[PDB]
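Q: My questions all concern the structure below.
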Amino acid sequence: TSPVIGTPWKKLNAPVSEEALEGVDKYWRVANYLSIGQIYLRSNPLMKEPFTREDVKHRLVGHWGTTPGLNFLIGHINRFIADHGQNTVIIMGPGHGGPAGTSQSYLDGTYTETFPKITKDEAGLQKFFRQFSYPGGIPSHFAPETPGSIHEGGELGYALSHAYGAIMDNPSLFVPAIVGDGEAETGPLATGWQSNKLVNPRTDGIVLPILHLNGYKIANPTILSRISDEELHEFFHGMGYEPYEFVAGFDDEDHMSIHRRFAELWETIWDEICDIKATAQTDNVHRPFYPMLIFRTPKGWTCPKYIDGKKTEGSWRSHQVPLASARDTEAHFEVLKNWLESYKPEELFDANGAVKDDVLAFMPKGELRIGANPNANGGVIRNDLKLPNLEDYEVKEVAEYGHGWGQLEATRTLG
Amino acid sequence: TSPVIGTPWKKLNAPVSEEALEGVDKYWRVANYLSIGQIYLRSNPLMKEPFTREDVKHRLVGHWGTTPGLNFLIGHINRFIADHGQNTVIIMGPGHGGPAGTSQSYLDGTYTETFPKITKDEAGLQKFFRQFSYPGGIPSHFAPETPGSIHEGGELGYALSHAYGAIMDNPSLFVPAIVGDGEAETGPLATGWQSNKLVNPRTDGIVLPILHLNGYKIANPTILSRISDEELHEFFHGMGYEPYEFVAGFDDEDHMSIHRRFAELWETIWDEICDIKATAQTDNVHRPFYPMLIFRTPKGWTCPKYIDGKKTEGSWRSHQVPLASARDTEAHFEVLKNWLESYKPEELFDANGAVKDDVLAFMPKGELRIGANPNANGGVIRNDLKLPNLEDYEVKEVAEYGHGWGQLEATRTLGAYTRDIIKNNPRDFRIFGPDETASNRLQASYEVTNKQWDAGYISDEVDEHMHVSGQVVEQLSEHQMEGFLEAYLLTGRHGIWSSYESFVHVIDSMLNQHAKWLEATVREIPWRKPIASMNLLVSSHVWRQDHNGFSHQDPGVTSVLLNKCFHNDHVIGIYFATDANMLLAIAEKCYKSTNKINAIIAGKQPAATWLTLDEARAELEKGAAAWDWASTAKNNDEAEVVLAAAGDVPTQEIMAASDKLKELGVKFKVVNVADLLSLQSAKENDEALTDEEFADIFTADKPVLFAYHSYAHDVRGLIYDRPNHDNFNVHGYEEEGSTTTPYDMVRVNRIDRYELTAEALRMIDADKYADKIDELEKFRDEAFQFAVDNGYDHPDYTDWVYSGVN
Ligand SMILES: Cc1ncc(C[n+]2csc(CCOP(=O)(O)OP(=O)(O)O)c2C)c(N)n1
Ligand SMILES: Cc1ncc(C[n+]2csc(CCOP(=O)(O)OP(=O)(O)O)c2C)c(N)n1
Ligand SMILES: [Ca+2]
Ligand SMILES: [Ca+2]
């Protein structure tokens with residue numbers, strides 16, 4: 001059966017520490033940098049003099065638009081995991097946010113553990129950037145090759161069915177399930193919201209659905225981000241959820257206020273989940289309203305606002321790559337260079353190219369890490385079934401009466 | 001009257017100190033440890049190496065489920081008492097939470113004071129643990145043996161009646177009344193919530209009801225914990241309470257947050273009570289909503305959550321013992337050991353086994369301690385009543401006109417006597433009745449007091465003799481009346497209630513529980529001082545229930561009370577008031593008595609007066625007496641028959657039969673029995689008639705015809721080894737009757753004067769009196785046929801006066 005991992009369903013009973021929030025902000029910067037490096041760079045990962053157009057990959061593959069939002073969420077979830085010791089698996093619904101998943105596994109240390117050639121220094125960082133979506137490297141999506149994935153999310157709409165399947169008979173497991181707002185338009189996702197009527201908060205775990213409401217899919221706005229906020233809240237409340245909304249990045253709020261605001265809302269949500277779990281130890285006959293998070297952020301958050309006079313941050317234009325060929329024009333290379341420098345990698349990486357200790361000192365350790373949780377490599381949990389003796393169910397009458405006897409319904413035997 | 005103790009109704013005007021809360025948390029740990037030690041351990045109380053299965057008691061007796069909740073509440077109440085100096089008595093409704101009460105008394109020091117062998121060290125702690133519910137030790141419940149108990153709470157449902165009785169005329173007394181949520185399902189508890197309409201916040205104290213909503217009774221959930229929180233609050237608000245809810249222990253809140261949360265809520269409740277008391281010094285005409293506490297906690301709180309895969313904390317499975325045999329399995333012993341260690345007794349007890357000073361430094365001291373409050377040992381408060389001079393109420397007309405004069409209602413005489421007791425003993429004497437005080441003719445008390453009523457008033461045309469305070473209380477509930485009075489007595493005051501005879505049976509089980517309290521007190525608890533007696537006027541009895549008829553005819557209170565007369569306890573008095581002068585003599589004896597249940601069976605119908613007061617006092621001292629003024633035999637050898645009677649209607653029929661026997665020339669002797677236990681075996685009862693005194697009265701060998709008020713079986717059972725008992729012929733109630741005339745009631749039960757005359761002649765010589773016997777039997781049918789025809793009894797019946805009347 002499922003292992004009980006960690007100290008599940010524990011409240012914090014303190015504000016989030018300012019130091020942990022500085023951890024989360026550095027995580028977001030370096031994961032964003034490492035996501036961009038994987039998309040754009042074939043050489044010179046830390047932009048040593050000279051950083052020129054030759055360091056840019058000849059063909060740009062991958063998706064920026066969902067990625068900085070995923071890096072934000074993943075940073076805060078890692079802080080949450082280390083502070084609470086919660087058994088946690090993430091479902092990355094926008095699975096084309098591959099660079100966030102690989103960046104996470106690189107930062108939590110499970111990537112170098114699993115893939116010993118990709119070291120935590122400047123030559124390993126070069127190999128890390130070149131290999132992404134490249135001939136003989138690793139895939140564009142959150143593929144089974146990535147530590148921490150149980151869901152590639154290439155084909156969209158199964159995030160919630162997979163989230164709820166994961167928590168069945170898994171009462172210590174917390175699953176933050178990130179749902180694309182375009183992905184929420186699909187058939188399979190739309191019915192997946194009702195799965196909370198099929199789970200039990202005592203005998204099963206907890207899914208927190210996170211609607212990645214960035215406003216855009218590939219080339220269109222999203223239905224759920226263009227309907228009214230009252231309709232959107234009524235919708236989730238109608239499906240048995242208690243919705244919480246977070247809005248960020250559409251003004252000039254400094255990034256540290258955003259993190260504090262988010263950590264406060266996260267801990268309020270988590271206190272609601274711990275209450276549900278504590279109540280279910282006594283009353284699991286009455287279905288709670290589960291929390292869900294509406295995460296409303298600009299698509300492509302922290303990319304340059306305008307590229308060639310077209311709105312890129314907060315648009316569908318940031319979906320694949322905001323900047324379309326940084327290898328072909330001096331102007332576009334300079335945009336890429338300034339973008340990479342906006343995260344200030346001189347503060348993130350040390351002289352050897354390792355991510356600095358104070359970037360990652362908030363991270364979880366051990367089996368609680370996203371890429372090391374056994375629920376994300378579930379073959380390690382699985383045992384052979386105790387199977388009953390097959391002759392107890394055999395139709396013996398063939399041997400008595402002859403081949404071709406009877407009018408049995410074969411599936412009753414299997415039953 | 002009640003002592004003013006402490007500084008009552010004082011607000012704190014500060015937050016509860018963090019040190020006191022650290023005291024309360026250690027109290028709860030050590031009381032929980034000491035509760036478990038009492039249930040499980042026969043040796044090695046502090047689990048010194050080696051602590052093995054041999055230290056476990058062979059048989060586990062007692063109740064865990066209610067206990068940690070009670071220990072929590074008691075810890076916080078002790079903190080409250082020490083901080084405020086409040087005069088406080090606890091009613092422990094779930095009285096099977098015995099270990100909490102004994103643990104409290106051990107921790108407050110009153111246990112070692114009272115029981116000097118149970119010392120405050122490791123050998124005293126060993127004796128403390130072994131003795132609980134053990135052969136030759138102490139009981140499982142919150143018994144009268146425990147300092148601080150006024151209520152055993154074995155039989156459930158009297159917590160609130162006792163709480164409200166305790167605070168009557170006790171304006172400084174605070175009573176936190178802990179009510180089981182299963183106990184709240186009973187009849188007597190359910191009506192007990194309405195008692196706040198019968199108390200006055202100026203002249204009485206304050207009850208805080210605490211609903212111990214742990215969710216479970218023995219094997220079931222509780223109704224009140226499974227209905228909605230809105231229904232549960234509306235319910236208490238409908239009954240005149242302002243409900244406060246506390247919820248704890250169903251999550252992982254640390255224990256120190258729980259204590260702070262609770263102390264904050266306690267002090268808010270207490271500020272509301274102090275406001276009520278301060279308002280009542282000016283306005284006590286408008287009934288406040290009293291606070292009440294809904295205490296919602298898991299049953300068996302802090303026991304292991306799961307034992308053998310079954311939920312134990314927060315279940316009915318923790319009711320008796322969570323762990324069923326820690327002596328039989330290594331696995332179950334380890335569960336007990338880890339449970340005992342979870343309270344961390346190494347921080348609680350020092351090297352010698354005394355509870356450490358910092359555990360108990362928050363506790364109250366002196367008479368404010370729960371086990372030392374005089375209201376919990378109310379015999380120390382109680383004084384003799386100032387009783388008026390009994391000859392002022394004597395019916396003098398017996399001496400003027402003759403034995404058998406008049407048509408007085410005997411209970412009116414008692415009514416005038418009790419009026420002047422109330423007048424001389426203000427705030428010390430109460431009358432209770434289930435809407436029957438006037439009906440049982442005790443309404444002369446309204447000349448000096450009122451019926452206490454604190455619900456709404458509407459009009460002087462209907463609301464006569466009512467006031468927001470007064471010494472008479474009426475509610476149509478025998479459970480309330482008996483329970484109010486019982487606690488008024490246990491807190492040192494005095495009184496009486498009255499009832500119709502057949503409805504005494506409603507509280508048979510309350511009388512049983514009061515008698516077991518008394519029996520245990522007089523046998524073995526000398527530190528518990530004598531309380532005033534439980535006095536019950538039993539009126540409107542079976543013979544004069546020919547207007548309500550057959551299903552109101554049950555004199556069977558006497559059989560119930562005869563089962564509590566053993567081992568010379570003398571906690572029962574059963575008295576037949578022959579007339580008004582005997583009623584006076586009985587009433588004075590009962591009003592002077594202590595530690596008893598006194599049943600006084602008196603008629604309220606017009607009847608003759610047979611005795612003077614000086615004769616009534618002579619018959620009453622022995623219990624039975626010959627009436628030589630009524631006998632025509634002049635000693636025991638010329639009597640042919642003995643005509644005995646117990647009760648006013650049997651006395652009337654026997655005296656009317658003796659006049660018809662006298663007219664026939666028969667030599668007989670007449671006996672009256674006022675005190676029923678005088679007939680009890682002289683071996684069994686050293687107050688009863690000696691066998692020589694019994695045979696002088698009754699005879700050695702003559703036929704005794706005995707007209708008895710109640711079932712003949714009562715008497716036949718009592719005299720089974722008395723001299724001449726095979727010659728008794730007892731006539732009692734025999735389950736016959738209807739709505740009919742008074743003659744027809746005595747006729748169908750074979751106790752009328754004509755049948756009794758006829759039975760005497762059959763006993764003497766059924767053959768020479770054969771003509772006159774057939775004559776008497778024919779008249780019985782004819783006097784019945786007269787009643788049918790005319791609508792009232794035959795004039796030979798109704799107009800009879802005893803020949804002794806001049
Ligand atoms: C079933 C299916 N149809 C079409 C696509 C192509 N596709 C990939 S990403 C994408 C937009 C996804 O939108 P959202 O769910 O809004 O993702 P995000 O913005 O976070 O990038 C689409 C249409 C898909 N992945 N799956
Ligand atoms: C009149 C009466 N009937 C039955 C019982 C048996 N009995 C003892 S404890 C108990 C359960 C009591 O429940 P609650 O009042 O709920 O007590 P607690 O949970 O606090 O233990 C019962 C039914 C009783 N004590 N009194
Ligand atoms: Ca989107
Ligand atoms: Ca209960």
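All residue names refer to the structure tokens as shown: chains lettered A, B, ... in order, residues numbered from 1 in each chain, ligands numbered from 1 in order.
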Hey, which residues come within 8 Å of ligand 4 if we count only C-alpha atoms and all ligand atoms? Could you give them as a ChimeraX atom specification?
A: /B:65-66,94,180-183,212-218,222,299
Q: Go ahead and save the residues from that selection, with C-alpha atoms, as a PDB file, in the first residue's frame.
A:
```pdb
ATOM      1  CA  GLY B  65     -14.337   7.799  29.186  1.00  0.00           C
ATOM      2  CA  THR B  66     -15.773  10.699  31.143  1.00  0.00           C
ATOM      3  CA  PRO B  94     -21.303  11.509  35.337  1.00  0.00           C
ATOM      4  CA  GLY B 180     -23.433  13.826  30.975  1.00  0.00           C
ATOM      5  CA  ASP B 181     -24.665  14.105  27.402  1.00  0.00           C
ATOM      6  CA  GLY B 182     -26.164  10.657  27.817  1.00  0.00           C
ATOM      7  CA  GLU B 183     -27.510  11.765  31.184  1.00  0.00           C
ATOM      8  CA  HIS B 212     -20.194  17.167  29.000  1.00  0.00           C
ATOM      9  CA  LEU B 213     -20.813  16.688  25.280  1.00  0.00           C
ATOM     10  CA  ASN B 214     -18.316  13.991  24.644  1.00  0.00           C
ATOM     11  CA  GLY B 215     -20.532  12.464  21.986  1.00  0.00           C
ATOM     12  CA  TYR B 216     -21.145   9.005  23.504  1.00  0.00           C
ATOM     13  CA  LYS B 217     -22.863   7.160  26.307  1.00  0.00           C
ATOM     14  CA  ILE B 218     -22.048   3.456  26.980  1.00  0.00           C
ATOM     15  CA  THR B 222     -25.757  10.849  22.165  1.00  0.00           C
ATOM     16  CA  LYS B 299     -14.647  10.790  24.893  1.00  0.00           C
TER      17      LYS B 299
END
```
Q: Would you list, as a ChimeraX atom specification, the residues of region 648-776 of chain B that end up in helix (DSSP H, G or I) under DSSP run on this structure's backbone?
A: /B:648-663,676-678,691-697,712-718,725-727,742-748,753-765,770-776
Q: May I ask you to extract the residues of chain A within 8 Å of chain B, using only C-alpha atoms, and to give them as a CSV table (one decimal) with C-alpha atoms, in the first residue's frame?
A:
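Output (iface.csv):
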```csv
chain,number,residue,atom,x,y,z
A,275,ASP,CA,-9.0,21.5,9.2
A,278,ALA,CA,-8.6,16.9,11.2
A,279,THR,CA,-12.4,16.9,10.9
A,282,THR,CA,-14.1,12.1,13.3
```
Q: Would you mind telling me which residue in A:101, A:23, A:135, A:182 lies nearest to ligand 1 when using only C-alpha atoms and all ligand atoms?
A: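 Checking each of A:101, A:23, A:135, A:182 against ligand 1, counting only C-alpha atoms and all ligand atoms, the winner is A:182.
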Q: Give one line per residue of chain A that approaches ligand 1 to at most 8 Å, naming the two atoms of the closest pair and their distance in Å to one decimal, counting only C-alpha atoms and all ligand atoms; sort by chain then ascending residue number and deliver it as JSON lines.
A:
```
{"residue": "A:63", "atom": "CA", "partner": "ligand 1", "partner_atom_place_in_ligand_line": "21 (O)", "distance": 7.3}
{"residue": "A:64", "atom": "CA", "partner": "ligand 1", "partner_atom_place_in_ligand_line": "21 (O)", "distance": 7.8}
{"residue": "A:65", "atom": "CA", "partner": "ligand 1", "partner_atom_place_in_ligand_line": "21 (O)", "distance": 5.3}
{"residue": "A:66", "atom": "CA", "partner": "ligand 1", "partner_atom_place_in_ligand_line": "20 (O)", "distance": 4.0}
{"residue": "A:67", "atom": "CA", "partner": "ligand 1", "partner_atom_place_in_ligand_line": "21 (O)", "distance": 7.6}
{"residue": "A:93", "atom": "CA", "partner": "ligand 1", "partner_atom_place_in_ligand_line": "15 (O)", "distance": 7.5}
{"residue": "A:94", "atom": "CA", "partner": "ligand 1", "partner_atom_place_in_ligand_line": "17 (O)", "distance": 5.1}
{"residue": "A:96", "atom": "CA", "partner": "ligand 1", "partner_atom_place_in_ligand_line": "9 (S)", "distance": 6.4}
{"residue": "A:97", "atom": "CA", "partner": "ligand 1", "partner_atom_place_in_ligand_line": "21 (O)", "distance": 7.1}
{"residue": "A:153", "atom": "CA", "partner": "ligand 1", "partner_atom_place_in_ligand_line": "25 (N)", "distance": 7.4}
{"residue": "A:154", "atom": "CA", "partner": "ligand 1", "partner_atom_place_in_ligand_line": "25 (N)", "distance": 5.2}
{"residue": "A:155", "atom": "CA", "partner": "ligand 1", "partner_atom_place_in_ligand_line": "26 (N)", "distance": 3.9}
{"residue": "A:156", "atom": "CA", "partner": "ligand 1", "partner_atom_place_in_ligand_line": "26 (N)", "distance": 4.0}
{"residue": "A:157", "atom": "CA", "partner": "ligand 1", "partner_atom_place_in_ligand_line": "1 (C)", "distance": 6.5}
{"residue": "A:179", "atom": "CA", "partner": "ligand 1", "partner_atom_place_in_ligand_line": "15 (O)", "distance": 6.7}
{"residue": "A:180", "atom": "CA", "partner": "ligand 1", "partner_atom_place_in_ligand_line": "15 (O)", "distance": 3.2}
{"residue": "A:181", "atom": "CA", "partner": "ligand 1", "partner_atom_place_in_ligand_line": "16 (O)", "distance": 4.3}
{"residue": "A:182", "atom": "CA", "partner": "ligand 1", "partner_atom_place_in_ligand_line": "16 (O)", "distance": 3.2}
{"residue": "A:183", "atom": "CA", "partner": "ligand 1", "partner_atom_place_in_ligand_line": "15 (O)", "distance": 3.6}
{"residue": "A:184", "atom": "CA", "partner": "ligand 1", "partner_atom_place_in_ligand_line": "15 (O)", "distance": 6.6}
{"residue": "A:185", "atom": "CA", "partner": "ligand 1", "partner_atom_place_in_ligand_line": "15 (O)", "distance": 7.9}
{"residue": "A:186", "atom": "CA", "partner": "ligand 1", "partner_atom_place_in_ligand_line": "1 (C)", "distance": 6.9}
{"residue": "A:212", "atom": "CA", "partner": "ligand 1", "partner_atom_place_in_ligand_line": "20 (O)", "distance": 6.1}
{"residue": "A:213", "atom": "CA", "partner": "ligand 1", "partner_atom_place_in_ligand_line": "16 (O)", "distance": 7.5}
{"residue": "A:214", "atom": "CA", "partner": "ligand 1", "partner_atom_place_in_ligand_line": "19 (O)", "distance": 6.1}
{"residue": "A:215", "atom": "CA", "partner": "ligand 1", "partner_atom_place_in_ligand_line": "16 (O)", "distance": 7.3}
{"residue": "A:216", "atom": "CA", "partner": "ligand 1", "partner_atom_place_in_ligand_line": "16 (O)", "distance": 5.4}
{"residue": "A:217", "atom": "CA", "partner": "ligand 1", "partner_atom_place_in_ligand_line": "13 (O)", "distance": 3.7}
{"residue": "A:218", "atom": "CA", "partner": "ligand 1", "partner_atom_place_in_ligand_line": "11 (C)", "distance": 4.6}
{"residue": "A:222", "atom": "CA", "partner": "ligand 1", "partner_atom_place_in_ligand_line": "16 (O)", "distance": 6.8}
{"residue": "A:299", "atom": "CA", "partner": "ligand 1", "partner_atom_place_in_ligand_line": "19 (O)", "distance": 6.7}
{"residue": "A:316", "atom": "CA", "partner": "ligand 1", "partner_atom_place_in_ligand_line": "19 (O)", "distance": 7.8}
{"residue": "A:319", "atom": "CA", "partner": "ligand 1", "partner_atom_place_in_ligand_line": "21 (O)", "distance": 5.9}
```
Q: I'd like the contact shell of residue 53 (chain A) - 9 Å cut-off, only C-alpha atoms, skipping same-chain residues fewer than 5 positions apart - returned as a PDB file with C-alpha atoms, in the first residue's frame.
A:
```pdb
ATOM      1  CA  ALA A 326      17.884  35.682 -30.981  1.00  0.00           C
ATOM      2  CA  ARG A 327      20.546  34.184 -33.287  1.00  0.00           C
ATOM      3  CA  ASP A 328      19.689  36.253 -36.423  1.00  0.00           C
ATOM      4  CA  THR A 329      19.712  39.901 -35.471  1.00  0.00           C
ATOM      5  CA  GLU A 330      21.815  41.994 -33.173  1.00  0.00           C
ATOM      6  CA  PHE A 333      20.205  39.088 -29.306  1.00  0.00           C
TER       7      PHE A 333
END
```
Q: Which residues come within 6 Å of region 540-546 of chain B, counting only C-alpha atoms, excluding same-chain residues fewer than 2 positions away, as a PyMOL selection string?
A: chain B and resi 500-501+548-549+553+555+739-741
Q: Within 6 Å of residue 604 (chain B), counting only C-alpha atoms, which residues show up once you throw out same-chain ones fewer than 2 positions away? Write them as a ChimeraX atom specification, please.
A: /B:409-411
Q: Could you write out that same residue set with C-alpha atoms as a short mmCIF file (atom, residue, chain, number, x, y, z; two decimals), in the first residue's frame?
A:
```cif
data_model
loop_
_atom_site.label_atom_id
_atom_site.label_comp_id
_atom_site.auth_asym_id
_atom_site.auth_seq_id
_atom_site.Cartn_x
_atom_site.Cartn_y
_atom_site.Cartn_z
CA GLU B 409 -58.67 17.51 58.29
CA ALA B 410 -55.49 16.35 59.99
CA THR B 411 -53.08 17.89 57.45
#
```
Q: What does the distance from CA of residue 84 (chain A) to CA of residue 10 (chain A) come to in Å, to one decimal?
A: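 Calculated distance between CA of residue 84 (chain A) and CA of residue 10 (chain A) is 6.3 Å.
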Q: For the strand (DSSP E or B) assignment from backbone DSSP, which residues of region 55-188 of chain A qualify? Please present them as number ranges by chain.
A: A: 56, 86, 88, 91-92, 132, 138, 174-180
Q: Near residue 451 (chain B), within 6 Å and counting only C-alpha atoms, which residues show up once chain neighbours fewer than 4 positions away are dropped, as a PyMOL selection string?
A: chain B and resi 466+470+472-473
Q: Take the residues from that selection and put them in a file with N, CA and C atoms, as a JSON list (two decimals), in the first residue's frame.
A:
```json
[["chain", "number", "residue", "atom", "x", "y", "z"],
["B", 466, "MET", "N", -47.83, 34.29, 44.95],
["B", 466, "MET", "CA", -46.60, 34.08, 44.22],
["B", 466, "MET", "C", -45.68, 35.29, 44.38],
["B", 470, "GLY", "N", -39.45, 33.17, 47.81],
["B", 470, "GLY", "CA", -40.32, 32.63, 48.82],
["B", 470, "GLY", "C", -39.89, 31.23, 49.14],
["B", 472, "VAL", "N", -41.75, 28.36, 49.34],
["B", 472, "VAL", "CA", -42.51, 27.26, 48.77],
["B", 472, "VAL", "C", -42.16, 27.19, 47.29],
["B", 473, "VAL", "N", -41.88, 26.03, 46.78],
["B", 473, "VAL", "CA", -41.56, 25.85, 45.38],
["B", 473, "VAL", "C", -42.42, 24.74, 44.83]]
```
Q: For ligand 2, which of B:295, B:457, B:134, B:262 is the closest residue, counting only C-alpha atoms and all ligand atoms?
A: B:295
Q: Which polymer residues have any atom within 10 Å of an atom of residue 187 (chain B), counting only C-alpha atoms, with same-chain residues fewer than 4 positions away left out, as an NGL selection string?
A: :B and (156-158 or 183 or 191-192 or 479)
Q: For a test of reading the model, state the distance in Å between CA of residue 271 (chain A) and CA of residue 255 (chain B), rounded to one decimal.
A: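 Rounded to one decimal, the two atoms are 18.5 Å apart.
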Q: If I take CA of residue 687 (chain B) and CA of residue 539 (chain B), how far is one from the other in Å, to one decimal?
A: 26.0 Å
